[PDB]
Amino acid sequence: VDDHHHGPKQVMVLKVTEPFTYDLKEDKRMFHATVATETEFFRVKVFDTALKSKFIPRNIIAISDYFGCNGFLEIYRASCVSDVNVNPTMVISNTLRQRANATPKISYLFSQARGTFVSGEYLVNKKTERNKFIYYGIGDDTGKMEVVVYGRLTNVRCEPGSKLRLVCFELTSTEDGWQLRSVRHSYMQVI
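Here it is in structure tokens:
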């Protein structure tokens, strides 16, 4: 909103979600992308989904007039991005690639600040519903927690035994454990 940056930042697109409606009232659309310079990776929120044609994995692009908010890079207009032979010689080290695509271990999430936004792929082991919310027990070789889903994302067909890709969920805690709560910009799909 006031963390505005002129750019341009020159990045390779690593991964993208399909576009989706995050405000059902006015059919507002967005998608999520992970991108990288040669030394850093960035999580991007694209609110002009006309840009879907440019956030293709392995495309190299230049991002201008973007905003930093809550640890994301926000893009609001198609004019922010250009993609014609910006740096056909870009190399993304394999270490930076896997760092960009890594899922945090559940035990590591317990050490993190409540309210940070988390992305990760986890195995579901229990499903229960109550009062329009839906609670997914997830775990790994380090611990267990609940994914709390409410609203538009309750329509995602998911039962125990499925693997869940979570994008931009909020890390919270209660006296009974830790949770990843769906929020306005969240996205999820089963694999």
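Each residue of the sequence shown is one higher than the one before, starting from 425 at the first, in PDB author numbering.
C-beta: ideal position from N, C-alpha, C; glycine also.
Give a yes or no on contact between the region 552 to 564 and the region 511 to 519, applying the rule of three or more CB pairs nearer than 8 Å. no
Considering just the uninterrupted stretch of the beta strand (DSSP E) at residue 485, what are its terminal residues? Here the question's residue 485 lines up with position 61 in the sequence shown. Note, residue 485: beta strand (DSSP E), 484 to 487.
Considering just the uninterrupted stretch of the beta strand (DSSP E) at residue 613, what are its terminal residues? Along the sequence shown, read from residue 1 onward, the residue named residue 613 stands at position 189. 611 to 614 is the extent of the beta strand (DSSP E) around residue 613.
Can you tell me where the beta strand (DSSP E) holding residue 453 begins and where it ends? Within the sequence shown, residue 453 is the residue found at index 29, counting from 1. Start and end: 452 to 460.
Tell me the rounded alpha-carbon separation between residue 472 and residue 502. Counted from its first residue, the sequence shown places residue 472 at position 48. Counted from its first residue, the sequence shown places residue 502 at position 78. Approximately 6 Å, taken between the alpha carbons.
Identify whether residue 500 lies in helix, strand or coil by the three-state DSSP scheme. Start at 1 with the first residue of the sequence shown, and residue 500 comes out as number 76. Three-state result, residue 500: coil.
Count the other CB atoms within 10 Å of the CB of residue 413; is the residue buried (16 or more) or exposed (fewer)? Nothing about residue 413 can be read from this structure; the chain reaches only from 425 to 615.
Could you spell out the range, first to last residue, of the beta strand (DSSP E) harbouring residue 574? Against the sequence shown, residue 574 aligns to sequence position 150. Premise fails: residue 574 is in no beta strand (DSSP E) and is neither H nor E.
Spatial neighbours of residue 528 within its chain, please: C-beta separation below 7 Å, excluding the five flanking residues on both sides. Here the question's residue 528 lines up with position 104 in the sequence shown. Once the five neighbours on either side are set aside, the close Cβ partners of residue 528 are 542 and 544.
Please name the residue, chosen from 533, 484, 504 and 450, that lies closest to residue 459 on a Cα-to-Cα basis. On the sequence shown, residue 459 is found 35 positions in, with the first residue counted as 1. Of the listed residues, the one whose Cα sits closest to residue 459 is 484.
Can you grab the Cα-Cα spacing for the pair residue 584 / residue 568, in whole Å? Sequence index remark: in the sequence shown, residue 584 carries index 160 (1-based). Sequence index remark: in the sequence shown, residue 568 carries index 144 (1-based). Taking the straight line joining both Cα atoms gives about 14 Å.
Pull up the distance between the alpha-carbon of residue 619 and that of residue 505, whole angstroms please. Not covered by the structure: residue 619. The range shown for the chain is 425 to 615.
Quick check on residue 547: buried or exposed, where buried means 16 or more other Cβ atoms within 10 Å of its Cβ? Within the sequence shown, numbered from 1, the residue matching residue 547 stands at position 123. The residue is exposed, with fewer than 16 neighbouring Cβ atoms inside 10 Å.
Give the range of the alpha helix (DSSP H) segment to which residue 384 is assigned. Shown here, the chain extends from 425 to 615; a query on residue 384 therefore has no answer.
One question on the structure: do residue 571 and residue 533 come within less than 8 Å of each other, judged by their Cβ atoms? Here residue 571 corresponds to residue number 147 of the sequence shown, with the count starting at 1. Here residue 533 corresponds to residue number 109 of the sequence shown, with the count starting at 1. With contacts defined as CB atoms closer than 8 Å, residue 571 and residue 533 fail to qualify as a contacting pair.
Residues near residue 429 in its chain [Cβ-Cβ closer than 6 Å; skip 5 each side]: Counting from 1 along the sequence shown, the entry for residue 429 is found at position 5. Answer for residue 429: 490, listed in chain order.
Give the DSSP-derived three-state secondary structure of residue 531 in the structure shown. Stepping through the sequence shown from its first residue, residue 531 is reached at position 107. Of the three classes helix, strand and coil, the one that applies to residue 531 here is helix, per DSSP.
Span separating the alpha-carbon of residue 586 from that of residue 580: In the sequence shown, counting from the first residue as 1, residue 586 sits at position 162. In the sequence shown, counting from the first residue as 1, residue 580 sits at position 156. Distance between the alpha carbons of residue 586 and residue 580: 11 Å.
Please report the straight-line C-alpha distance between residue 612 and residue 462, rounded to a whole angstrom. Here residue 612 is taken as the residue at index 188 of the sequence shown, counted from 1. Here residue 462 is taken as the residue at index 38 of the sequence shown, counted from 1. Going by the C-alpha atoms only, they are around 28 Å apart.
My assumption, with CB atoms under 8 Å, is that residue 465 sits in contact with residue 523. Please give the rounded CB distance. In the sequence shown, the residue the question calls residue 465 occupies position 41. In the sequence shown, the residue the question calls residue 523 occupies position 99. Sure, about 7 Å apart at Cβ, within 8 Å.
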